[PDB]
């Protein structure tokens, strides 16, 4: 229980993109295919060293994020980070990224650090979203960017640590 900050980081994007498995990989180094999940919303935690600061990352996840729900407001409330995940082998999951941003900014504060994540990079042979295209989008929209694989661990820790360093930088100036 050595930590100085608690950072709430929510995972968002279409179902099937890998959000639950980015959580499990980062927090438990685990990867399932059909994940046992509780009803509604959950989080898992991981303490991370940022230089000499101890930060407790609170990673939030759910299966039904969906604007009609009463719970959406509470889900986003107090979030200082977000990973907006798409499946790089499914163009459709990336085509709705703008819509997810809008949903996110209706409920999160503008200071939230957002990373656009292209997941399933181990399947880059079957890619439908050029890295360059996704990268420019993120730059035009004030989003950090990375491609990850929750399956092969590529960039998962880096994804989370980059968001967390950006949050810490930011909140130090608040």
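Residue numbers count along the first chain shown, from 1.
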Once average C-alpha B-factors are taken from the entry for 67-75 and 82-90, the winner is 67-75
When mean C-alpha B-factors in the record are compared for 41-49 and 112-120, the larger belongs to 41-49
Listed options 59, 146, 129, 54: highest C-alpha B factor recorded at 54
So, residue 136's CA B-factor, relative to its chain, sits in which third? The highest
On the chain's distribution of Cα B-factors, residue 15 falls within the third called middle
